[PDB]
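Trainee: this block holds the first chain(s) of the complex, placed as they are in the complex; more will follow:
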Amino acid sequence: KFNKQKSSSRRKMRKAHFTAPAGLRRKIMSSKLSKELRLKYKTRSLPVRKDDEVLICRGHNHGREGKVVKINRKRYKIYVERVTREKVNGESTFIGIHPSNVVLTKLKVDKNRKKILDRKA
Amino acid sequence: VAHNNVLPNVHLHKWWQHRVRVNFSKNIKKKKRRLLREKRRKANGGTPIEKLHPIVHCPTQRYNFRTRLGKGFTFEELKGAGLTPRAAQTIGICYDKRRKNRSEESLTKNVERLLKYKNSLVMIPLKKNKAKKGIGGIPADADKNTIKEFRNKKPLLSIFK
């Protein structure tokens, strides 16, 4: 806003969003952590990895908790354990949820994650 | 051409569109210039970005009465001041080898101005602490406390106008 080096322009922003590199995608697919988690760490939001257990707030399944099977940076959607849905053929696939509509509980924690937490602190 | 209008004298028979400058950049350009000036001032810590110019009388029968800043002080005036040209150049003052004096009064005025300027100015030493007297015209190097005091006071730009 106040710094005239970064563009406000809507179109530009949209372009950036769509064409972001993988790292950028990873960064922007962050999710809110639970109240307890927040209390524990000065962190408000973390980029969600694989073995994180999440609770969904928005959508058709607005309360079904479960671990994340896969995250998709191409479509900006994470996939939960039991958000299963049969396709037309009958093949079972996961319903993709945007990280915004989800709040994470149990955290997958590696050295990198620890470092990130420390940085946040 | 028709009716009682002035005869058309709009010189647009050439490919004028090829050379239209619209100054959308005016105010912004000015701002930029100002910024640059500020930067320069900062770089030249304490010293004034502006150089001393002598008051001179404008030529022609129509501007004769008016006086304005001329570029450069003339050897004679420098001499009067008690300054070398080179020394003057090194300091704040512009020197003009080509300008000549035909007015004694004018010369006197110029020298007075120079004197005033000299009085106003305090010289920071070339090497730190080491207080040494100037060459030919340049005054003296003052001590540190004095310099500090001077700095604390507002640098006036009244002489340069």
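Mentor: Cool, got the structure. Numbers count the residues shown, from 1 in each chain, chains lettered A, B, ... in the order given.

Trainee: skipping its backbone neighbours, what lies nearest residue 80 in space?
Mentor: As the question left the chain open, I've gone with chain A. residue A:66 (4.5 Å; CB to CB, 6 or more residues apart in numbering or on different chains). (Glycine included, C-beta is placed from N, CA and C.)

Trainee: nope, chain B
Mentor: Per CB to CB, 6+ apart, closest to residue B:80 is residue B:111, 3.8 Å.

Trainee: what's the helix or strand for that neighbour?
Mentor: Counting by DSSP states H and E, the element that carries residue B:111 is helix B:104-120.

Trainee: so what does that helix touch, helix or strand wise?
Mentor: Packing partners of helix B:104-120 (3 or more CB pairs under 8 Å, 6 or more residues apart in numbering or on different chains; DSSP states H and E): strand B:55-57, helix B:75-81.

Trainee: which helix or which strand is home to the residue nearest to residue A:80?
Mentor: strand A:65-72.

Trainee: what lines up beside that strand in the sheet?
Mentor: strand A:53-56 (antiparallel), strand A:77-86 (antiparallel) (DSSP bridges).

Trainee: what residues sit buried inside it?
Mentor: For strand A:65-72, a neighbour-count test (16 or more other CB atoms under 10 Å in any protein chain shown) marks A:65-66, A:68, A:71 as buried.

Trainee: same question for stretch B:39-59.
Mentor: Result for stretch B:39-59 [16+ other CB under 10 Å]: buried residues B:52-54, B:56.

Trainee: pull the most distant pair out of those residues.
Mentor: Farthest-apart pair in those is B:52 and B:56; separation 12.8 Å (CB to CB).

Trainee: can you give me the strands for chain A?
Mentor: Applying DSSP state E to chain A gives strands spanning A:30-33, A:45-47, A:53-56, A:65-72, A:77-86, A:92-97, A:102-104.

Trainee: one step back: turn the buried residues of strand A:65-72 into CSV, columns for distance to residue B:6.
Mentor: Listed next are the buried residues of strand A:65-72 as CSV, based on distance: CB to CB, whole Å:
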residue, distance to residue B:6
A:65, 86
A:66, 87
A:68, 82
A:71, 77
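
Trainee: so which of these is the closest to residue A:2?
Mentor: residue A:71 (33.6 Å).

Trainee: list the contacts for the residue nearest to the closest one when sequence neighbours are not counted?
Mentor: Distance criterion CB to CB, 6+ apart; nearest residue to residue A:71, sequence neighbours excluded, is residue A:78 at 4.8 Å. By CB atoms under 8 Å, 6 or more residues apart in numbering or on different chains, the contact set of residue A:78 is A:29, A:31, A:48, A:54, A:68, A:70-72, A:96-99, A:102.

Trainee: let's put chain C on the structure above:
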Amino acid sequence: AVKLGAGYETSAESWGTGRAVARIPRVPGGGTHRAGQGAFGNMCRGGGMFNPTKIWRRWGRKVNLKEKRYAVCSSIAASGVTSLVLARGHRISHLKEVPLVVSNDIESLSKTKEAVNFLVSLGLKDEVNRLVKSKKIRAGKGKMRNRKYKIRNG
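Mentor: One more chain to add, chain C, which I have set with the ones above:
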């Protein structure tokens, strides 16, 4: 301003009269759907617009400094006058004095919340509410030119 060579980058010329087609310039050659078609001219697909817009149009308007000053004065006067203010749309039913004068303590406020509270205390609660309400998505293509929201002036 539209680009200078817009619609006119073509070498198209008119076939003349005896071909049973209008005499607008036509794109030369063949093979393409573009070949044979009307060239420039405001009526033609892919033509130049009528009077293409130019940077040298007068954008700014010089106004007499004095005039400007006068205008400012008038505005100030209006602001002083409660009725005028009311007309202008501000919710001034709950304010004692409309030339609103507040203590220098205001110049030192450091928190938006505090400011809001002060405003509320003054009587502008309603006004504030209105302002809050009035952020809304603009009708039209403005949305696409960095003018997405419209907000009333408090």
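
Trainee: same as before for what packs on helix B:104-120, with chain C this time.
Mentor: Against helix B:104-120 (3+ CB pairs under 8 Å, 6+ apart) you get strand B:55-57, helix B:75-81.

Trainee: so which of the ones you listed comes closest to chain A?
Mentor: strand B:55-57 (43.3 Å; CB to the nearest CB).

Trainee: tell me which of the helices and strands packed on helix B:104-120 is the most buried.
Mentor: helix B:75-81 (a mean of 19; mean count of other CB atoms under 10 Å in any protein chain shown).

Trainee: so how far is it from its chain's centroid?
Mentor: Remark: helix B:75-81 is offset 18 Å from the chain centroid, using CA atoms, centre = their mean, to the nearest Å.

Trainee: again with stretch B:90-108
Mentor: 13 Å.

Trainee: near chain B, which residues of chain C are found?
Mentor: Counting by CB under 8 Å from any CB of the partner chain, chain C comes close to chain B at C:55-56, C:59.

Trainee: who are the neighbours in contact with residue C:58?
Mentor: Listed by CB under 8 Å, 6+ apart, residue C:58 has no contact partners.

Trainee: roughly how far apart are it and chain A?
Mentor: According to CB to the nearest CB, to the nearest Å, residue C:58 and chain A sit 27 Å apart.

Trainee: name the element that residue belongs to?
Mentor: Per DSSP H and E, there is no helix or strand for residue C:58.

Trainee: just residue B:150 next, same as before
Mentor: helix B:144-152.

Trainee: picking up where we left off before, of all the residues in the helix holding residue B:111, which ones are buried?
Mentor: B:106-107, B:109-111, B:113-114, B:117-118.

Trainee: closest to chain A out of the residues you listed?
Mentor: For these, the nearest to chain A is residue B:117 (41.7 Å; CB to the nearest CB).

Trainee: hmm, the closest one is touching residue B:93, no?
Mentor: Yes - using CB atoms under 8 Å, residue B:117 is in contact with residue B:93, at 7.1 Å.

Trainee: okay, and the common contacts of the two?
Mentor: Contacts common to residue B:117 and residue B:93, judged by CB under 8 Å, 6+ apart, are residue B:52.

Trainee: centre-most residue in chain A?
Mentor: residue A:99 (3.3 Å; CA atoms, centre = their mean).

Trainee: which residues does that residue contact?
Mentor: Contacts of residue A:99 (CB under 8 Å, 6+ apart): A:29-31, A:48, A:76, A:78.

Trainee: hmm, back to that, what does the helix holding residue B:111 contact?
Mentor: B:52, B:54-57, B:73-74, B:76-78, B:80-81, B:83, B:92-93, B:101, B:139, B:156, B:159.

Trainee: so which of those residues are also by chain C?
Mentor: Of these, not one also sits near chain C (CB under 8 Å from any CB).

Trainee: put this one in as chain D:
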Amino acid sequence: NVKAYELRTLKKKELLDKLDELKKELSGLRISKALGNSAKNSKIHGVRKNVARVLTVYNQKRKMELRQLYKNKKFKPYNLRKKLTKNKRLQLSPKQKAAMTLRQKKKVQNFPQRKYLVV
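Mentor: That brings us to chain D, laid onto the chains above:
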């Protein structure tokens, strides 16, 4: 699937030997692909990558040795020379640019652009 840091230590001959082996392997893979097979068709890419890495390592080593050989000595092979834009190369060194005539230098020494706080 050998990576760079393991190869920096190995002698050049050994590296060469490794490379040849890799090449041979690649050839075999290619042959297999050519024949009616799809078993190890995806293994080849990795091998190729490895080979490339090896080549890079060896090349770097070669370069280093060359550099060592041609340390100083005024002129140098144009590759080992500091490759920079032609214009820049042409351009005089800053020192050269600076170099003033003697009288000028003297003048500078005498009357430098002094700071003259005006109050």
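
Trainee: try the contacts of helix B:104-120 again now we have chain D.
Mentor: Under CB under 8 Å, 6+ apart, the answer for helix B:104-120 is B:52, B:54-57, B:73-74, B:76-78, B:80-81, B:83, B:92-93, B:101, B:139, B:156, B:159, D:118-119.

Trainee: mind doing that once more with 6 Å?
Mentor: Applying CB atoms under 6 Å, 6 or more residues apart in numbering or on different chains, the set of residues contacting helix B:104-120 from outside is B:52, B:54, B:77, B:80-81, B:101, B:159, D:118.

Trainee: farthest-apart pair in the residues you listed, please.
Mentor: B:101 and D:118, at 25.8 Å, using CB to CB across the contacts of helix B:104-120.

Trainee: so how far is stretch C:116-127 from its chain's centroid?
Mentor: 30 Å.

Trainee: can you check stretch C:96-111 too?
Mentor: On CA atoms, centre = their mean, the centre of stretch C:96-111 falls 32 Å from that of its chain.

Trainee: for stretch C:136-151, same thing?
Mentor: Distance, stretch centre to chain centre, for stretch C:136-151: 10 Å (CA atoms, centre = their mean).

Trainee: show me the contacts for residue A:48.
Mentor: Going by CB under 6 Å, 6+ apart, the list of residues near residue A:48 reads A:31, A:99.

Trainee: ok, it to residue A:54 distance?
Mentor: From residue A:48 across to residue A:54, the span is 7 Å (CB to CB, to the nearest Å).

Trainee: and residue B:121, by the same measure?
Mentor: For residue B:121, the distance to residue A:54 - CB to CB - is 73 Å.

Trainee: pick out whichever of the two has more residues nearby.
Mentor: residue A:54 (27 against 21; other CB atoms under 10 Å in any protein chain shown).

Trainee: the more buried one: what's it in contact with?
Mentor: A:68, A:102, A:104.

Trainee: so it bridges to which residues?
Mentor: residue A:66, residue A:104.

Trainee: for chain C, what lies in contact range of chain A?
Mentor: With CB under 6 Å from any CB of the partner chain as the criterion, chain C meets chain A at residues residue C:146.

Trainee: now do the helices in chain C.
Mentor: Ranges of helices in chain C, per DSSP state H, are C:65-80, C:82-88, C:112-119, C:125-133.

Trainee: any idea how far the residue of chain B found nearest chain D is from residue B:157?
Mentor: Residue of chain B nearest chain D, by CB to the nearest CB: residue B:90 (4.0 Å). Distance, residue B:90 to residue B:157, by CB to CB: 20 Å.

Trainee: so for these two, which sits in the more crowded spot?
Mentor: It is residue B:90, of residue B:90 and residue B:157, that has more neighbours when counted by other CB under 10 Å, with 21 against 11.

Trainee: contacts only, for the more buried one.
Mentor: D:111, D:114.

Trainee: how about residue B:153?
Mentor: Contacts of residue B:153 (CB under 6 Å, 6+ apart): residue D:119.
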